[PDB]
Amino acid sequence: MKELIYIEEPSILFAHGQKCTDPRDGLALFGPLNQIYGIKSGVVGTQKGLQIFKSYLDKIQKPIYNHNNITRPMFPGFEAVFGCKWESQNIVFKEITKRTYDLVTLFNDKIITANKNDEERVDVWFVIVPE
Amino acid sequence: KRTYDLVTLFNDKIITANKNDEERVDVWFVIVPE
Amino acid sequence: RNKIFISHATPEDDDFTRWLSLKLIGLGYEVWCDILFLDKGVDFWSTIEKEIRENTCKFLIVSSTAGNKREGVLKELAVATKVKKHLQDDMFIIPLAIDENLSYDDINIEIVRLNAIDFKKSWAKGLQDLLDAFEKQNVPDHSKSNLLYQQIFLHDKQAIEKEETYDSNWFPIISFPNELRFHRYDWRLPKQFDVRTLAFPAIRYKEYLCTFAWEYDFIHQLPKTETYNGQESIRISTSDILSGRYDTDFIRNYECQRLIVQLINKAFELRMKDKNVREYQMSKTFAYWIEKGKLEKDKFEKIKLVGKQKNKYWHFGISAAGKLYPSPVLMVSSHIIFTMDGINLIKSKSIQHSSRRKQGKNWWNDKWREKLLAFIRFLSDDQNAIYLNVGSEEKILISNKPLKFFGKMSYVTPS
Amino acid sequence: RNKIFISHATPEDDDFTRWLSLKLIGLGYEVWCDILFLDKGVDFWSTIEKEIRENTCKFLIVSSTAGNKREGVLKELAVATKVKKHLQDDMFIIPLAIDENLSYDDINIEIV
Amino acid sequence: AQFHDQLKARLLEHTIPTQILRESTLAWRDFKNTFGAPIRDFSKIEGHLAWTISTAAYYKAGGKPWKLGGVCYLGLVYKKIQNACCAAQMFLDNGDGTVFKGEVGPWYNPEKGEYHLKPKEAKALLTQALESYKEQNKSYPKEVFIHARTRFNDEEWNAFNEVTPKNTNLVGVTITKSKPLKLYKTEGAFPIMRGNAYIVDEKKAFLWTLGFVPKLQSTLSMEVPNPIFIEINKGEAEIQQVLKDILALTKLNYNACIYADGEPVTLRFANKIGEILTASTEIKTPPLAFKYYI
Amino acid sequence: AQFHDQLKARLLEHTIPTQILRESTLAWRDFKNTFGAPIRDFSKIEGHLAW
DNA sequence: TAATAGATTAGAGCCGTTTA
RNA sequence: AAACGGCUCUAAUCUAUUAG
Ligand SMILES: [Mg+2]
């Protein structure tokens, strides 16, 4: 019989210097290390894509349950866990109305003009691709 | 040249921080010494 | 009287106080953290008096090194001592020690007798201890709060120090033929003949025939090999190859164990065609699986191997690959092979992959291990071994019991 | 650190503690008694702790029947145990059995 | 097939943290299979889906969701195009933070199937990593924890050991998945629990980076978990320390919000940024920070 | 002479909103003409300055 | 150049969502 | 491409050997 040695699971820092194992619990308990003040989301997609992103963002803002919460923890809502504003009413939306290259170029030019021309500041561009 | 090098120092600091650093910066306040 | 009071050092102990305050509020307990519940305007000292005396159930003082010398917390603690005397309730004050820079021998006398709840380096397990205490003293929604309650306790679940035994995948090779023979079939063996088609395992290496069989075994399919001088064949003991002690300009060590490895693989392939089991060509190797209806109620030794799923049939199959790095072992691999009705294999491999995933949706460690062991035992000829015909007088002996492992740390299986 | 401390029951056991204290100053030793030196209009417990763990060579515990169960004596003796651990001084804690009523068993397990 | 990675590569020149979201992901209930349940069944993991999306958004917005508790773990991956080696590095700074930048500028080995670095390319890779460590922590690392999915040849290890500075014991780790060791549990119906390490040699071992979890009361991997082979084929180091550091690296998966992954995150992020880099034309001085890639 | 112009020009390709703040502006009180009042007298305009 | 093997390695797809 | 895994398929390379 061969000995299976044990490697203890390491713990990862969180807010206030506390340590936990699962991110899904350390975040819900204490929250992330550094503070950003909010996320100005930019969305590059169709109108239906913008509506779907807005609806899911509003759903995110409120707590959402798993089917089995013991194995996979709940989500207490974005503001509860990160303490940061990511509201759906602060969206910078860029409507879109070798095929791989052209499909890339559409979103690429939209994002480049947005980040260059437009004045509204966006921290992360949520490219809501269609299906 | 001296203006070029002095600009380049703050410059490449800014690009190195915008490219490499994880933390986001909304606006970079170059505190130019006197 | 149903309310929890949390006195703390205001200037430099806010963060923990707020975290604990909202955590307790989310747990259903009523809290009176000052920086979160003290109304603006009101006489703060008189209101603190009213809360401590009239409706406070328990007093939680933080034992940070900044505290225990702060005037405000000291005054609230003195009033808490008075209410402890009045109520005659044990452990009305429940100190919390969050700071690690003070020792238990530096705590102020008012709470030195009482045992501080440990918060030094783990606020969540400290909160679990505090909530255990609250349950013990019966301190004063029905679906949402239980999740947070269980999360506090489950955040620190670990491995219990228990011994566990494991059935692994490797099967040890208990015994093997002692000699590997390179026969000199320079002209007897046809040069365009396929060595894999030999009834016995061999390879055409360096215009020799490397095999574990006798030189006269390859006669029915290779008649011209007959009347071969035994002196021409060069023989190397298998033990020297396995131990790595044998190394010659003739054959290198690594080549020699590679050769015996492929010999074992070929022996497996040529053996299972006899063992009443059909084959399925996977991308890298062959998987051997038994057809439906060939087993009594489709089970071997109380473990089923072929069954019905969504109008089609699934069969448990195995693939073998011998390796010798740690020791001479045979690694097995488990698969599900899918058929229309247990007799006809599915040609399309996308359907095969989808059906394999579907059958593996609900199969788990007990099922996988029991089915692998049952299949290996079914292939076995005798009680504790499987015979591979590497020679008319020499056989490869594969153990029936896989390499058992054991471990000092394990878990309690959820029910 | 050069001082002698006497802990006791406050309402009942005053005569012996006062007598022992006054004899001790008469001999020259410094004393701190809660009914003699604890000044009016101070934080009595805070000063008690400061005297226990700042200026105290010895800590004497009068062991009357009521004094042993007394909460103030219990807290004072607890921090006396802590400071005894800290200073490493041997026999820093000195009990004084003054009553023939309570027996050896009756004394609380700390000072037995 | 090449939409996401090409888009990230095109956006790479002008640093723009972008997160690609499939329309079927956010609203999976609307789109079905036209004969029953939706094509993507997210009902059981909807909270997990929100966890991952929120964590990725907070990461790309410049936030640090979780850290890790003088060694530079440099995990490099080879990509088939000529072969391109792309690396991700991680270490701890003076201020206790986990510097988790990339090591980008994929070094090109012209040989078709040789997943090894030429002496010049290996020299450049290691000197870039050491210069990044020197500028970040103001001193050279004590021990660089180079690791990869491939075994290092003699020549690239000699290049690494000749480019390294003094007092820097450099160790290479080969981490391979899909190694057939399906170790089961005989008594219970629940698999081997995550964290078990099988020391099969003083330099080679099986690490169970994934398995059953006491805390989650379930298994990170469906079926029976597959251990990952950790081989210290090059360099001198203890096997137990290597396994502990691999499990430590198994926690920095910022692209997801999951307990742990089957492989060290450094390798996975290096592979992702390499796919991004090789998706489109070359980029000079690429951003080298995962918010722009994952 | 052309520090600010060159710096703002070289940041144009990689779009980065940058603000050049002279030390003599933010903390004008410290720098003094070596014989009297500070070289830039912002006392009357501090709020406006901040504005 | 082709073939026969083992050992490594890389690529893509495809399905399930981790037994309560 | 929220993501991680299990599997499936394909291809390539490095050895050694045989036929070109
Ligand atoms: Mg990502």
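Please refer to the structure higher up on the page.
Residues numbered from 1 in each chain as written, not as in the entry; some residues may be left out. Chains lettered and ligands numbered in written order. Part of a larger assembly, values for the part shown. Heavy atoms only, no water.

**Points about the overall build of chain F**
The number of helices and strands found in chain F is three helices and one strand. In terms of overall dimensions, chain F is more spread out than a globule: its C-alpha atoms have a radius of gyration of 15 Å, far above the 10 Å expected for 51 residues. By principal-axis analysis of the C-alpha atoms, chain F measures approximately 45 × 25 × 15 Å. Within chain F, the proportion of its 51 residues that are buried is 27%. A total of about 3700 Å² of accessible surface is found on chain F, and carbon and sulfur atoms cover 59% of it. For chain F, the distance from the average site of its 7 positive side-chain charges to the average site of its 6 negative ones is 4 Å. (Helix = DSSP H or I, 4+ residues; strand = E, 2+ residues; numbered from the N terminus. Rg over C-alpha atoms; globule rule 2.2 N^0.38 Å. Buried < 20%, exposed > 50% of the residue type's maximum accessible area, 1.4 Å probe, protein only. Areas by Shrake-Rupley, 256 points an atom, 1.4 Å probe, with all protein chains shown as cover. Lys, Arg positive; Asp, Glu negative; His and termini not counted. Charge placed at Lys NZ, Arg CZ, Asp CG, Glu CD.)

**Section: the interface of chain E and chain B**
Of the residues lining the interface, 15 residues belong to chain E; the matching set on chain B comes to seven residues. For the pairing of chain E and chain B, the buried interface totals around 860 Å² over both sides, and the portion due to carbon and sulfur atoms is 39%. The interface formed by chain E and chain B contains zero salt bridges. Inspection of the region where chain E meets chain B yields six residue pairs in polar contact. Tallied by class, residues from the side of chain E that touches chain B come to eight nonpolar, four polar and three charged. (Contact = heavy atoms within 4.5 Å. Buried area = accessible area lost by both parts, 1.4 Å probe. Salt bridge = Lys/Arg side-chain N within 4 Å of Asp/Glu carboxyl O. Polar contact = N/O pair within 3.5 Å; in protein donor to acceptor, adjacent residues only side chain to side chain. Nonpolar A, V, L, I, M, F, W, Y, C, P; charged D, E, K, R; others polar.)

**Things to note about the sheet that holds strand β1 (residues 4-7) of chain D**
All names here are of chain D. On the basis of which strands lie adjacent, the open sheet formed by four strands has the order β2-β1-β3-β4 and parallel pairing. Two strands bound the open sheet, and with one partner strand each, they are β2 (31-33) and β4 (93-96). Across this sheet, the average inter-strand angle for adjacent strands is 20°, counted without regard to direction. For β1 and β2, the ladder comprises three bridges, and the chain directions are parallel. Paired with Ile 4 across the strands is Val 31, a residue of β2. In the packing of helix α1 (residues 15-27) onto the sheet, contacts are made with β1, β2, β3 (58-62) and β4, and the angle to β2 comes to roughly 160°. (Pairing = 2+ DSSP bridges. Axes fitted to C-alpha atoms, helices over the stretch in contact; angles between N-to-C directions.)

**Side note on the interface of chain E and chain A**
One widely used convention gives an interface's size as the accessible area the parts lose upon coming together. Counting residues at the interface gives 68 residues for chain E, matched by 69 residues for chain A. Regarding the contact of chain E and chain A, the summed buried area is about 6000 Å², with carbon and sulfur atoms giving 67% of it. The largest share of the area that chain E buries against chain A comes from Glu 23, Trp 51 and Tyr 58 of chain E, three residues that together contribute 14% of it. Linking chain E to chain A there are four salt bridges. A salt bridge links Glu 9 of chain A to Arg 194 of chain E, with the shortest nitrogen-to-oxygen separation between them at 2.3 Å. On inspection of chain E and its partner chain A, the count reaches 26 residue pairs in polar contact. Of all elements in the fold, only α1 (4-12), β1 (18-22), α2 (23-26), α3 (46-60), β8 (196-198) and α6 (239-249) of chain E reach the threshold of two or more residues within the side of chain E that touches chain A.

**Regarding the pairing of strand β1 (residues 4-7) of chain C**
Residue and element names in this part refer to chain C. Going residue by residue along β1, you find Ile 4 and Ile 6 tucked away on one face and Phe 5 and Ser 7 tucked away on the opposite face as well. Direction of pairing for β1 relative to strand β2 (residues 31-33): parallel, over a ladder of three bridges. Paired with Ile 4 across the two strands is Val 31, which belongs to β2. For the crossover from β1 across helix α1 (residues 14-26) to β2, the handedness is right-handed. Here four bridges tie β1 to strand β3 (residues 58-61), and the two strands are oriented parallel to one another. (Right-handed = clockwise from strand over helix to strand, strands pointing away.)

**Here's the deal with the packing of aromatic side chains**
In total, this model carries 56 aromatic pairs over all chains according to the counting rule given. When the centroid spacing of 6.4 Å and the interplanar angle of 40° are considered together, the rings of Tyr 325 of chain C and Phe 229 of chain E count as tilted. In this pair, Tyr 325 of chain C is assigned in the loop between β17 (312-323) and β18 (329-339) and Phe 229 of chain E in strand β12 (residues 228-234), connecting two distinct chains. For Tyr 325 of chain C, a relative accessible area of 36% translates into the label partly exposed. The residue whose ring lies beneath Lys 371 of chain C is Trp 363 of chain C, and the NZ or CZ to ring-centre distance is 5.2 Å. Between the NZ or CZ atom of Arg 10 of chain F and the centre of the ring of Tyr 4 of chain B, over which it lies, the distance is 3.9 Å. (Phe/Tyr/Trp six-rings, centres within 6.5 Å; stacked < 30°, edge-to-face > 60°. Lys NZ or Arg CZ within 6 Å of the ring centre and 35° of its normal.)

**Quick look at the sheet that holds strand β10 (residues 208-211) of chain C**
All names here are of chain C. Taken in spatial order, the four strands of this open sheet run β9-β10-β8-β11, and their pairing is antiparallel. Of all strands in the sheet, those bounded by a partner on one side alone are β9 (202-205) and β11 (234-237). Taking each pair of neighbouring strands and ignoring which way they run, the sheet shows an average axis angle of 25°. When β9 meets β10, the two strands line up antiparallel, connected through four bridges. Considered in β10, the bridge of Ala 202 is made with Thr 211. Each of β8 (179-183), β9 and β10 is contacted by helix α9 (residues 253-272), which is oriented at about 145° to β9, the strand it contacts most.

**Quick look at the protein's contact with DNA strand G**
Taken together, 38 residues form the shell around DNA strand G, and within it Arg 196 and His 353 of chain C together with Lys 79, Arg 151 and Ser 218 of chain E come nearest. When the atoms of DNA strand G within 4 Å of the protein are grouped by moiety, sugar and phosphate amount to 68% of the total. At a separation of 2.6 Å, a phosphate oxygen of DNA strand G approaches a polar side-chain atom of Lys 79 of chain E. Elements represented by at least two residues in the surface near DNA strand G include exactly α9 and α10 (349-359) of chain C together with β2 (71-80) and β11 (218-219) of chain E. For the surface near DNA strand G, a count of residues per class yields 13 nonpolar, eleven polar and 14 charged. (Near = heavy atom within 4 Å.)

**Remarks on a positive patch on the surface**
On the surface, a cluster of positive charge is contributed by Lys 310, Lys 358 and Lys 361 of chain C together with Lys 44 of chain E. Looking at the secondary structure, you find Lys 361 of chain C in the loop between α10 and α11 (365-379). (Patch = residues over 30% accessible without salt bridge, like charges linked within 9 Å, V, L, I, M, F, W, Y side chains within 5 Å.)

**With respect to the protein's contact with RNA strand H**
Neighbouring residues of RNA strand H: 54 residues in total, closest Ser 283 and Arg 357 of chain C together with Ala 1, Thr 52 and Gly 262 of chain E. When the atoms of RNA strand H within 4 Å of the protein are sorted by group, sugar and phosphate make up 75%. A distance of 2.9 Å is found between a sugar or linking oxygen of RNA strand H and a side-chain nitrogen or oxygen belonging to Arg 356 of chain C. The side chain of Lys 182 of chain E places a nitrogen or oxygen atom 2.7 Å from a phosphate oxygen of RNA strand H. Put simply, the parts of the chain that give the surface near RNA strand H at least two residues each are β9, α9, β12 (278-281) and α10 of chain C together with α1, β1, α3 and α7 (265-279) of chain E. Residue composition of the surface near RNA strand H, by class: 16 nonpolar, 17 polar and 21 charged.

**Observations concerning the nonpolar core**
Counting residues in each nonpolar core, the largest one holds 116 residues, and the members touching the most others are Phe 53 and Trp 86 of chain A. For this core, the element with the highest residue contribution is α7 of chain E, accounting for eight residues. For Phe 53 of chain A, the residues in contact, after removing those within four places along its chain, are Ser 41, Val 43, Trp 86, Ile 91, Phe 126 and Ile 128 of chain A together with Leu 21 and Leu 26 of chain E. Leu 295, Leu 373 and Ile 386 of chain C together with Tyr 184 of chain E belong to the second largest nonpolar core, which has 54 residues in total. (Core = buried A, V, L, I, M, F, W, Y, C linked by side-chain atoms within 4.5 Å.)

**A short note on the state of the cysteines**
Summed over the entire model, instances satisfying the criterion amount to zero disulfides over all chains. Residue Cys 210 of chain C stays outside any disulfide, its sulfur separated by 6.8 Å from that of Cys 256 of chain C, the closest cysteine. Lacking any disulfide linkage, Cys 33 of chain D is separated from the closest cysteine sulfur, that of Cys 57 of chain D, by 17 Å. Residue classification places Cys 33 of chain D among the buried residues on the basis of a relative accessible area of 0%. (Disulfide = S-S within 2.5 Å.)

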